[PDB]
Structure formats: structure tokens, C-alpha cells
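Source file data04.pdb; content: PDB, C-alpha atoms.
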```pdb
ATOM      1  CA  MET A   1     232.039  40.817 217.594  1.00  0.00           C
ATOM      2  CA  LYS A   2     230.095  40.970 220.880  1.00  0.00           C
ATOM      3  CA  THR A   3     228.642  44.318 221.931  1.00  0.00           C
ATOM      4  CA  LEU A   4     228.417  45.589 225.502  1.00  0.00           C
ATOM      5  CA  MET A   5     225.671  48.141 226.152  1.00  0.00           C
ATOM      6  CA  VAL A   6     225.990  49.994 229.443  1.00  0.00           C
ATOM      7  CA  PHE A   7     222.925  51.692 230.914  1.00  0.00           C
ATOM      8  CA  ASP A   8     224.263  54.230 233.389  1.00  0.00           C
ATOM      9  CA  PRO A   9     222.417  56.184 236.067  1.00  0.00           C
ATOM     10  CA  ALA A  10     221.954  59.936 235.424  1.00  0.00           C
ATOM     11  CA  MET A  11     225.145  60.227 237.566  1.00  0.00           C
ATOM     12  CA  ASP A  23     233.403  58.495 242.794  1.00  0.00           C
ATOM     13  CA  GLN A  24     236.288  56.117 242.118  1.00  0.00           C
ATOM     14  CA  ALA A  25     234.141  53.311 240.652  1.00  0.00           C
ATOM     15  CA  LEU A  26     233.037  55.545 237.746  1.00  0.00           C
ATOM     16  CA  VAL A  27     236.578  56.835 237.162  1.00  0.00           C
ATOM     17  CA  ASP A  28     237.967  53.275 237.160  1.00  0.00           C
ATOM     18  CA  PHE A  29     235.232  52.077 234.815  1.00  0.00           C
ATOM     19  CA  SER A  30     236.047  54.898 232.373  1.00  0.00           C
ATOM     20  CA  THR A  31     239.723  53.869 232.455  1.00  0.00           C
ATOM     21  CA  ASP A  32     238.747  50.227 231.902  1.00  0.00           C
ATOM     22  CA  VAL A  33     236.472  51.052 228.950  1.00  0.00           C
ATOM     23  CA  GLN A  34     239.429  52.836 227.305  1.00  0.00           C
ATOM     24  CA  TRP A  35     241.675  49.790 227.600  1.00  0.00           C
ATOM     25  CA  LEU A  36     238.961  47.505 226.254  1.00  0.00           C
ATOM     26  CA  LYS A  37     237.927  49.671 223.306  1.00  0.00           C
ATOM     27  CA  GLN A  38     241.559  49.895 222.183  1.00  0.00           C
ATOM     28  CA  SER A  39     241.767  46.107 222.135  1.00  0.00           C
ATOM     29  CA  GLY A  40     239.075  46.290 219.399  1.00  0.00           C
ATOM     30  CA  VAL A  41     235.950  45.735 221.443  1.00  0.00           C
ATOM     31  CA  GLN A  42     232.472  47.285 221.041  1.00  0.00           C
ATOM     32  CA  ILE A  43     231.171  49.198 224.093  1.00  0.00           C
ATOM     33  CA  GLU A  44     228.350  51.748 224.013  1.00  0.00           C
ATOM     34  CA  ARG A  45     227.073  53.787 226.971  1.00  0.00           C
ATOM     35  CA  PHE A  46     223.683  55.397 227.596  1.00  0.00           C
ATOM     36  CA  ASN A  47     222.508  57.419 230.539  1.00  0.00           C
ATOM     37  CA  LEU A  48     219.102  58.631 231.716  1.00  0.00           C
ATOM     38  CA  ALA A  49     220.151  62.300 231.416  1.00  0.00           C
ATOM     39  CA  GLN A  50     221.597  62.275 227.871  1.00  0.00           C
ATOM     40  CA  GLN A  51     220.012  59.220 226.172  1.00  0.00           C
ATOM     41  CA  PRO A  52     216.657  58.801 228.026  1.00  0.00           C
ATOM     42  CA  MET A  53     214.693  57.177 225.156  1.00  0.00           C
ATOM     43  CA  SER A  54     217.237  54.316 224.959  1.00  0.00           C
ATOM     44  CA  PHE A  55     215.915  53.194 228.382  1.00  0.00           C
ATOM     45  CA  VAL A  56     212.348  53.032 227.067  1.00  0.00           C
ATOM     46  CA  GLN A  57     213.128  51.547 223.641  1.00  0.00           C
ATOM     47  CA  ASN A  58     215.171  48.615 224.991  1.00  0.00           C
ATOM     48  CA  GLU A  59     212.712  46.052 226.335  1.00  0.00           C
ATOM     49  CA  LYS A  60     215.027  44.559 228.963  1.00  0.00           C
ATOM     50  CA  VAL A  61     216.126  47.961 230.276  1.00  0.00           C
ATOM     51  CA  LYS A  62     212.533  49.151 230.634  1.00  0.00           C
ATOM     52  CA  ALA A  63     211.665  45.921 232.495  1.00  0.00           C
ATOM     53  CA  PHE A  64     214.727  46.315 234.728  1.00  0.00           C
ATOM     54  CA  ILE A  65     213.880  49.905 235.720  1.00  0.00           C
ATOM     55  CA  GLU A  66     210.343  48.775 236.546  1.00  0.00           C
ATOM     56  CA  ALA A  67     211.463  45.811 238.670  1.00  0.00           C
ATOM     57  CA  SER A  68     214.584  47.141 240.402  1.00  0.00           C
ATOM     58  CA  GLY A  69     214.060  50.897 240.239  1.00  0.00           C
ATOM     59  CA  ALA A  70     216.423  53.329 238.524  1.00  0.00           C
ATOM     60  CA  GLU A  71     218.474  53.031 241.731  1.00  0.00           C
ATOM     61  CA  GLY A  72     219.368  49.502 240.556  1.00  0.00           C
ATOM     62  CA  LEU A  73     221.488  50.813 237.665  1.00  0.00           C
ATOM     63  CA  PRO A  74     223.948  50.323 236.057  1.00  0.00           C
ATOM     64  CA  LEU A  75     222.617  47.523 233.834  1.00  0.00           C
ATOM     65  CA  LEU A  76     225.082  45.849 231.464  1.00  0.00           C
ATOM     66  CA  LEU A  77     223.919  43.859 228.443  1.00  0.00           C
ATOM     67  CA  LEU A  78     226.278  41.702 226.369  1.00  0.00           C
ATOM     68  CA  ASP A  79     224.639  40.941 222.987  1.00  0.00           C
ATOM     69  CA  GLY A  80     221.301  41.869 224.557  1.00  0.00           C
ATOM     70  CA  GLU A  81     221.782  39.591 227.584  1.00  0.00           C
ATOM     71  CA  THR A  82     222.131  40.826 231.149  1.00  0.00           C
ATOM     72  CA  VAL A  83     225.630  40.147 232.511  1.00  0.00           C
ATOM     73  CA  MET A  84     225.727  42.525 235.527  1.00  0.00           C
ATOM     74  CA  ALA A  85     223.314  44.863 237.347  1.00  0.00           C
ATOM     75  CA  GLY A  86     223.912  47.191 240.282  1.00  0.00           C
ATOM     76  CA  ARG A  87     227.674  47.699 239.939  1.00  0.00           C
ATOM     77  CA  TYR A  88     230.377  48.147 237.303  1.00  0.00           C
ATOM     78  CA  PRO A  89     232.685  45.381 236.134  1.00  0.00           C
ATOM     79  CA  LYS A  90     236.387  45.280 236.951  1.00  0.00           C
ATOM     80  CA  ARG A  91     238.751  45.300 233.975  1.00  0.00           C
ATOM     81  CA  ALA A  92     239.359  41.534 234.264  1.00  0.00           C
ATOM     82  CA  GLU A  93     235.604  40.902 234.135  1.00  0.00           C
ATOM     83  CA  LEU A  94     235.343  42.927 230.898  1.00  0.00           C
ATOM     84  CA  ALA A  95     238.321  40.956 229.546  1.00  0.00           C
ATOM     85  CA  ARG A  96     236.543  37.670 230.312  1.00  0.00           C
ATOM     86  CA  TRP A  97     233.270  38.705 228.610  1.00  0.00           C
ATOM     87  CA  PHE A  98     235.096  39.709 225.430  1.00  0.00           C
ATOM     88  CA  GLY A  99     237.694  36.900 225.500  1.00  0.00           C
ATOM     89  CA  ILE A 100     240.598  39.364 225.500  1.00  0.00           C
ATOM     90  CA  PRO A 101     243.949  38.221 226.944  1.00  0.00           C
ATOM     91  CA  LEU A 102     244.845  40.112 230.128  1.00  0.00           C
ATOM     92  CA  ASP A 103     248.176  41.276 228.646  1.00  0.00           C
ATOM     93  CA  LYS A 104     246.315  43.158 225.874  1.00  0.00           C
ATOM     94  CA  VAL A 105     244.413  45.353 228.356  1.00  0.00           C
ATOM     95  CA  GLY A 106     247.237  46.278 230.758  1.00  0.00           C
ATOM     96  CA  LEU A 107     246.616  43.448 233.238  1.00  0.00           C
ATOM     97  CA  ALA A 108     248.657  40.588 234.717  1.00  0.00           C
ATOM     98  CA  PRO A 109     247.436  37.469 236.591  1.00  0.00           C
TER
ATOM     99  CA  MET B   1     204.776  40.875 248.951  1.00  0.00           C
ATOM    100  CA  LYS B   2     207.141  40.070 246.097  1.00  0.00           C
ATOM    101  CA  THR B   3     209.196  36.881 246.300  1.00  0.00           C
ATOM    102  CA  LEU B   4     212.984  36.676 246.035  1.00  0.00           C
ATOM    103  CA  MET B   5     215.122  33.976 244.402  1.00  0.00           C
ATOM    104  CA  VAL B   6     218.880  34.142 244.963  1.00  0.00           C
ATOM    105  CA  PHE B   7     221.307  32.196 242.786  1.00  0.00           C
ATOM    106  CA  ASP B   8     224.541  32.043 244.760  1.00  0.00           C
ATOM    107  CA  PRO B   9     228.053  31.084 243.735  1.00  0.00           C
ATOM    108  CA  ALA B  10     229.164  27.592 244.913  1.00  0.00           C
ATOM    109  CA  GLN B  24     231.620  40.225 254.778  1.00  0.00           C
ATOM    110  CA  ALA B  25     229.004  40.986 252.101  1.00  0.00           C
ATOM    111  CA  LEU B  26     227.767  37.371 252.292  1.00  0.00           C
ATOM    112  CA  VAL B  27     227.604  37.585 256.098  1.00  0.00           C
ATOM    113  CA  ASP B  28     225.617  40.857 256.036  1.00  0.00           C
ATOM    114  CA  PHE B  29     223.317  39.438 253.354  1.00  0.00           C
ATOM    115  CA  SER B  30     222.576  36.316 255.427  1.00  0.00           C
ATOM    116  CA  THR B  31     221.616  38.590 258.352  1.00  0.00           C
ATOM    117  CA  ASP B  32     219.354  40.625 256.072  1.00  0.00           C
ATOM    118  CA  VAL B  33     217.710  37.466 254.682  1.00  0.00           C
ATOM    119  CA  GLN B  34     216.847  36.379 258.261  1.00  0.00           C
ATOM    120  CA  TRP B  35     215.395  39.805 258.981  1.00  0.00           C
ATOM    121  CA  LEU B  36     213.180  39.592 255.865  1.00  0.00           C
ATOM    122  CA  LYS B  37     212.132  35.997 256.689  1.00  0.00           C
ATOM    123  CA  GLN B  38     211.020  37.056 260.202  1.00  0.00           C
ATOM    124  CA  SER B  39     208.999  39.805 258.494  1.00  0.00           C
ATOM    125  CA  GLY B  40     207.216  37.173 256.315  1.00  0.00           C
ATOM    126  CA  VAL B  41     209.073  37.567 253.003  1.00  0.00           C
ATOM    127  CA  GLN B  42     209.492  34.456 250.811  1.00  0.00           C
ATOM    128  CA  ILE B  43     213.181  33.978 249.960  1.00  0.00           C
ATOM    129  CA  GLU B  44     214.681  30.917 248.294  1.00  0.00           C
ATOM    130  CA  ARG B  45     218.431  30.415 247.726  1.00  0.00           C
ATOM    131  CA  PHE B  46     220.149  28.049 245.259  1.00  0.00           C
ATOM    132  CA  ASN B  47     223.835  27.276 244.707  1.00  0.00           C
ATOM    133  CA  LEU B  48     225.902  25.288 242.188  1.00  0.00           C
ATOM    134  CA  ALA B  49     227.306  22.926 244.838  1.00  0.00           C
ATOM    135  CA  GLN B  50     223.939  21.820 246.248  1.00  0.00           C
ATOM    136  CA  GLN B  51     221.138  22.816 243.825  1.00  0.00           C
ATOM    137  CA  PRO B  52     222.928  22.986 240.442  1.00  0.00           C
ATOM    138  CA  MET B  53     219.939  21.736 238.388  1.00  0.00           C
ATOM    139  CA  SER B  54     217.960  24.814 239.454  1.00  0.00           C
ATOM    140  CA  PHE B  55     220.509  26.722 237.351  1.00  0.00           C
ATOM    141  CA  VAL B  56     219.395  24.985 234.141  1.00  0.00           C
ATOM    142  CA  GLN B  57     215.660  24.727 234.943  1.00  0.00           C
ATOM    143  CA  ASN B  58     215.235  28.495 235.440  1.00  0.00           C
ATOM    144  CA  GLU B  59     215.679  29.946 231.938  1.00  0.00           C
ATOM    145  CA  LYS B  60     216.825  33.374 233.153  1.00  0.00           C
ATOM    146  CA  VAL B  61     219.555  31.797 235.296  1.00  0.00           C
ATOM    147  CA  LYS B  62     220.604  29.489 232.446  1.00  0.00           C
ATOM    148  CA  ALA B  63     220.888  32.445 230.055  1.00  0.00           C
ATOM    149  CA  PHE B  64     222.765  34.499 232.645  1.00  0.00           C
ATOM    150  CA  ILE B  65     225.351  31.782 233.268  1.00  0.00           C
ATOM    151  CA  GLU B  66     225.870  31.380 229.504  1.00  0.00           C
ATOM    152  CA  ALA B  67     226.240  35.158 228.935  1.00  0.00           C
ATOM    153  CA  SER B  68     228.142  36.260 232.049  1.00  0.00           C
ATOM    154  CA  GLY B  69     229.805  33.083 233.275  1.00  0.00           C
ATOM    155  CA  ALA B  70     229.248  31.604 236.737  1.00  0.00           C
ATOM    156  CA  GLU B  71     231.791  34.209 237.822  1.00  0.00           C
ATOM    157  CA  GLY B  72     228.940  36.726 237.333  1.00  0.00           C
ATOM    158  CA  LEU B  73     226.913  35.398 240.285  1.00  0.00           C
ATOM    159  CA  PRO B  74     224.975  36.146 242.448  1.00  0.00           C
ATOM    160  CA  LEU B  75     221.817  36.686 240.390  1.00  0.00           C
ATOM    161  CA  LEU B  76     218.730  37.983 242.230  1.00  0.00           C
ATOM    162  CA  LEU B  77     215.197  37.651 240.847  1.00  0.00           C
ATOM    163  CA  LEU B  78     212.230  39.580 242.267  1.00  0.00           C
ATOM    164  CA  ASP B  79     208.922  38.010 241.214  1.00  0.00           C
ATOM    165  CA  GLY B  80     211.045  36.246 238.580  1.00  0.00           C
ATOM    166  CA  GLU B  81     212.561  39.484 237.206  1.00  0.00           C
ATOM    167  CA  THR B  82     216.298  40.256 237.369  1.00  0.00           C
ATOM    168  CA  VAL B  83     216.975  43.106 239.819  1.00  0.00           C
ATOM    169  CA  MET B  84     220.700  42.667 240.593  1.00  0.00           C
ATOM    170  CA  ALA B  85     223.610  40.589 239.290  1.00  0.00           C
ATOM    171  CA  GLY B  86     227.240  40.436 240.418  1.00  0.00           C
ATOM    172  CA  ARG B  87     226.835  41.507 244.068  1.00  0.00           C
ATOM    173  CA  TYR B  88     224.405  41.289 246.979  1.00  0.00           C
ATOM    174  CA  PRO B  89     221.920  44.042 247.937  1.00  0.00           C
ATOM    175  CA  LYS B  90     222.210  46.196 251.024  1.00  0.00           C
ATOM    176  CA  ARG B  91     219.393  46.355 253.555  1.00  0.00           C
ATOM    177  CA  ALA B  92     218.201  49.723 252.165  1.00  0.00           C
ATOM    178  CA  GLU B  93     217.984  48.191 248.667  1.00  0.00           C
ATOM    179  CA  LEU B  94     216.010  45.216 250.000  1.00  0.00           C
ATOM    180  CA  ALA B  95     213.716  47.679 251.767  1.00  0.00           C
ATOM    181  CA  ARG B  96     213.138  49.475 248.430  1.00  0.00           C
ATOM    182  CA  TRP B  97     212.307  46.194 246.648  1.00  0.00           C
ATOM    183  CA  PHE B  98     209.863  44.936 249.307  1.00  0.00           C
ATOM    184  CA  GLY B  99     208.262  48.313 250.101  1.00  0.00           C
ATOM    185  CA  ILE B 100     209.422  48.248 253.726  1.00  0.00           C
ATOM    186  CA  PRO B 101     208.576  51.668 255.188  1.00  0.00           C
ATOM    187  CA  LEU B 102     211.034  53.907 257.047  1.00  0.00           C
ATOM    188  CA  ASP B 103     210.883  53.657 260.875  1.00  0.00           C
ATOM    189  CA  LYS B 104     209.738  56.826 262.683  1.00  0.00           C
ATOM    190  CA  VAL B 105     211.929  58.983 264.999  1.00  0.00           C
TER
END
```
Do you think you could lay out the structure here as C-alpha cells?
Amino acid sequence: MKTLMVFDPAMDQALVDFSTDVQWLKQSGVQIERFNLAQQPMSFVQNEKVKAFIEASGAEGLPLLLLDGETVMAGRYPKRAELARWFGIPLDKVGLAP
Amino acid sequence: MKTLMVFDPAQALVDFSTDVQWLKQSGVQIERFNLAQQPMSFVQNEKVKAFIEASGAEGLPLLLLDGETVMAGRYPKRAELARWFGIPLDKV
């Protein structure tokens, strides 16, 4: 299965909504892991792309989202339908309708 | 000065265009590419090619600063651009 790694800022409705959306996606069987600069700081140094991103964009450029190690979004969180697309999950399995 | 490459999809757009003009008048090098007009740029740049494969074209825009990804999925605000290019705060 694909894995989404989410590199969050140290720390609003966007965050609340993203937490809700992660819950729907995980329960559809999907792999999502989160890391933030306050609680998992070494993860941001040990991942080559994350370290490069912080250097180029600044920490202010977070969040950074990697899908199987590949950048898929940077600077905002995905809507639930965007998560569904990345993982190939039907909308009706994550509480969404077209 | 760092250079900016913007890979666009085929009000945020309007504001961004204004900000691009501001940066251009300041001397910043900015190049834009889209799938309707410059689609082969999207396969020739390996970071863009990989991004489209991973995220989908729906994941655009992708912004590269000296060739490094700095934002993907939305456009930057003027204050973010100022951070990237080291544009100092105005006094008073």
C-alpha cells in the first residue's frame, strides 16, 4: 500500500478538518503517519527531502506531504477528496459524494 | 537573487499575477509554464515529471526556487515571496 508521511509545523479550522479527514482515510485501510517539529524533530533531519525542503522554503513552508517518498503537496493540507485521489479510495468509502 | 519556476495548471491567481509583476520590476527572474502551452516542460524537468506522476496534475501549481520545491498545491502570498527572495521590510 502507499504511505503518506505528513511533516507538520510545530503548530484553526484547516488543522481540525485535516484531522477529521485523516480519520476517514485511515479507516478505509490507508497508511498515514504524521511528524511535527515539536514532538518528532529528528524525523525532519533524517528524511533527505524534508531537510532540503526546510532549507529551501523555510519551516514556514510546512506542511510537506510525501506519498511513497515523493512530494505531493507543500504549504497547505489536502482536502478529503485529494487524499481519496492519492490513495485510489472511492469517495463513498470516506464519507464523500460527487 | 534566487530564480523562480512556476508550473501552472492548464482570486489567488489574480493576486499572484500582480505579485509576479512586482517581483519582475524588482529584477527577479520568474518563468511560468502551463500544460496548455508549454506541456513538454512538464516532462523535461524531472522534478515536475515526478510531481505530476505522484500527485496528479490536480496537484498543481508547483513552485521551484533555484530548482528546489518550495510550494505545491497553491500559490504563495506576497509575504511568502518576500521571505524566499530576501526582500527586506519597508521602514515606518
Would you mind listing, as a compact mmCIF listing (two decimals) with C-alpha atoms, in the coordinates of the input, all residues of chain B that have at least one atom within 12 Å of chain A, where all atoms listed in the file are what counts?
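Final output, selection25.txt:
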```txt
# COMPACT_ATOMS: atom_id res chain seq x y z
CA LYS B 2 207.14 40.07 246.10
CA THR B 3 209.20 36.88 246.30
CA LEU B 4 212.98 36.68 246.04
CA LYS B 60 216.82 33.37 233.15
CA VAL B 61 219.56 31.80 235.30
CA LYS B 62 220.60 29.49 232.45
CA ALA B 63 220.89 32.44 230.06
CA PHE B 64 222.76 34.50 232.64
CA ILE B 65 225.35 31.78 233.27
CA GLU B 66 225.87 31.38 229.50
CA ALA B 67 226.24 35.16 228.94
CA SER B 68 228.14 36.26 232.05
CA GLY B 69 229.80 33.08 233.28
CA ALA B 70 229.25 31.60 236.74
CA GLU B 71 231.79 34.21 237.82
CA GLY B 72 228.94 36.73 237.33
CA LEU B 73 226.91 35.40 240.28
CA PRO B 74 224.98 36.15 242.45
CA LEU B 75 221.82 36.69 240.39
CA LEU B 76 218.73 37.98 242.23
CA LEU B 77 215.20 37.65 240.85
CA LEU B 78 212.23 39.58 242.27
CA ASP B 79 208.92 38.01 241.21
CA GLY B 80 211.04 36.25 238.58
CA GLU B 81 212.56 39.48 237.21
CA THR B 82 216.30 40.26 237.37
CA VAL B 83 216.98 43.11 239.82
CA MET B 84 220.70 42.67 240.59
CA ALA B 85 223.61 40.59 239.29
CA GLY B 86 227.24 40.44 240.42
CA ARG B 87 226.84 41.51 244.07
CA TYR B 88 224.40 41.29 246.98
CA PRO B 89 221.92 44.04 247.94
CA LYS B 90 222.21 46.20 251.02
CA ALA B 92 218.20 49.72 252.16
CA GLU B 93 217.98 48.19 248.67
CA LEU B 94 216.01 45.22 250.00
CA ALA B 95 213.72 47.68 251.77
CA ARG B 96 213.14 49.48 248.43
CA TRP B 97 212.31 46.19 246.65
CA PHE B 98 209.86 44.94 249.31
CA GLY B 99 208.26 48.31 250.10
```
(request) Report the residues retrieved by the PyMOL selection byres ((chain B and resi 42) around 10) from the displayed file, expressed as a ChimeraX atom specification. (result) /B:1-5,33,36-41,43-44
(request) Write out as an MDAnalysis selection string each polymer residue whose atoms come within 12 Å of residue 103 in chain A, counting only C-alpha atoms; drop sequence neighbours fewer than 4 positions from it. (result) chainID A and resid 35:36 39 91:92 95 99 107:109
Result set, the PyMOL selection byres ((chain A and resi 26-30) around 8) on current file, as a short mmCIF file (atom, residue, chain, number, x, y, z; two decimals) with C-alpha atoms, in the frame of the given file:
```
data_model
loop_
_atom_site.label_atom_id
_atom_site.label_comp_id
_atom_site.auth_asym_id
_atom_site.auth_seq_id
_atom_site.Cartn_x
_atom_site.Cartn_y
_atom_site.Cartn_z
CA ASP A 23 233.40 58.50 242.79
CA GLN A 24 236.29 56.12 242.12
CA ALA A 25 234.14 53.31 240.65
CA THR A 31 239.72 53.87 232.46
CA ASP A 32 238.75 50.23 231.90
CA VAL A 33 236.47 51.05 228.95
CA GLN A 34 239.43 52.84 227.30
CA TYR A 88 230.38 48.15 237.30
CA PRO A 89 232.68 45.38 236.13
CA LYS A 90 236.39 45.28 236.95
CA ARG A 91 238.75 45.30 233.98
#
```
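Computed from the coordinates, the CA of residue 52 in chain A to CA of residue 38 in chain A distance equals 27.1 Å.
Rounded to one decimal, CA of residue 106 in chain A and CA of residue 41 in chain A lie 14.6 Å from each other.
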(request) One decimal, Å: what's the distance from CA of residue 42 in chain A over to CA of residue 3 in chain A, could you say? (result) 4.9 Å
(message) Starting from the PyMOL selection byres ((chain B and resi 46) around 10), expand the selection into actual residues of this file and give them as a list in words.
(response) residues 5, 6, 7, 8, 9, 10, 44, 45, 47, 48, 49, 50, 51, 52, 53, 54, 55 and 74 of chain B
(message) I'd like the contact shell of residue 48 in chain A - 10 Å cut-off, only C-alpha atoms, skipping same-chain residues fewer than 4 positions apart - returned as a list in words.
(response) residues 7, 8, 9, 10, 11, 52, 53, 54, 55, 56 and 70 of chain A
